[PDB]
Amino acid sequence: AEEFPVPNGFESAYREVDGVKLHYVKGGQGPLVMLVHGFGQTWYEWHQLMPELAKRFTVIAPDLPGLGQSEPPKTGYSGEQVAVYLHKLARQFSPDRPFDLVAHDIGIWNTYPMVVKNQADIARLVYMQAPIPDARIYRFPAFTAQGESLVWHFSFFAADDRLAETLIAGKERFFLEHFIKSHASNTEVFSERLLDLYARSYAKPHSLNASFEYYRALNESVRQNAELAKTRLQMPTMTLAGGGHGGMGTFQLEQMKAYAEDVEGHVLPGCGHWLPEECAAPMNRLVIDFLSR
């Protein structure tokens, strides 16, 4: 039973890591690239990029703990805790060579600690569309004069009393369409069919709760990263951000310059938060070219 259709030539499988059963989709041959999805989505956001990368890489796309078809974490949802699971998963398939990493949104939060703590294991790194958790996140506005505040949902999702889960239960499909489209420039790619698929996955009660536990751990992740960031990343890095409605704009690269020695950045015009779907052709080209150097 699969929540999303697997591309031709790929397999849906599971690996137990530190007592947690992680779901992933895998295909291809060659050095390993791990693609890590974000909030509201699953491995499936990568399904157009995966067959292209599989022509020269082994490609693995896991579901984050608690999301998609992956069990919730047993330790916790802070970035350092979740990163252990993802690092060990990748090293099962690449135990003796560094691997590449591509991450979107909270995929960044959930991988940055294992990148900085295991730099020799990461050949090349691509981060898109979310801040690394640090004190910069406290400077984003609650309310804007034009457009909409990008990250007021941080407070909504992190609020006590299970506020978000209690309000959104029974309205998951409605909420997700609003959240996705309100963070998009090219909204037309989010067909009702595609939104149905994503909503069915995150409406599983444990997945709805898991979604917001990542935000309830955000301040802990900030505190973790304040110590970790005393060592800059040394491997080649690329940032991508949308330049349209919902995009991080220049923030993505400007923040990454404080974390990485070797960073190139791109802002994609007419594209919001959901780069793999809103702007597949330019995003896939940028990622394939950067990893193929």
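Just so we're on the same page, rigid core means the largest C-alpha set that superposes within 1.5 Å between forms. Residue numbers run from 1 along the displayed sequence.
Margin query: Comparing against the shown form in 5 other deposited structures of this protein, which stretch has the larger RMS C-alpha deviation after a rigid core superposition, 120-128 or 142-150?
Written below: Of the two stretches, the larger average C-alpha offset in 5 other deposited structures of this protein falls on 142-150.
Margin query: Which is higher on mean Cα B factor in this entry, 284-292 or 3-11?
Written below: Of 284-292 and 3-11, the stretch with the higher C-alpha B-factor average is 3-11.
Notebook entry, point to check: Taking the recorded C-alpha temperature factors, which stretch has the higher mean, 115-123 or 164-172?
Noted result: Stretch with the greater average CA B-factor: 115-123.
Next item on the list: Choose from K204, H104, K88, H183 the residue with the greatest Cα B-factor as stated in the PDB record.
Entry: Going by the entry's C-alpha B-factors, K88 comes out highest.
Note to self: Highest Cα temperature factor in the entry, among the options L240, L233, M256, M34: which one is it?
What the structure shows: Answer, based on the entry's C-alpha B-factors: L233.
Checklist line | CA B-factor ranking of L275, expressed as a third of its chain | finding: Answer is lowest: the recorded C-alpha B-factor places it there.
Check: Lowest, middle or highest third: where is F212 by C-alpha B factor in its chain?
Finding: It belongs to the lowest third of the chain when residues are ordered by C-alpha B-factor.
Check: C-alpha B factor of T187, ranked within the chain: lowest, middle or highest third?
Finding: Its C-alpha B-factor belongs to the lowest third of this chain's values.
Next item on the list: Among all modelled residues of this chain, ranked by Cα B factor, put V263 in the bottom, middle or top third, i.e. lowest, middle or highest.
Entry: CA B-factor rank for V263: highest third.
Next item on the list: Can you work out whether the C-alpha temperature factor of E148 puts it in the lowest, middle or highest third of the chain?
Entry: Highest third of the chain for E148's C-alpha B-factor.
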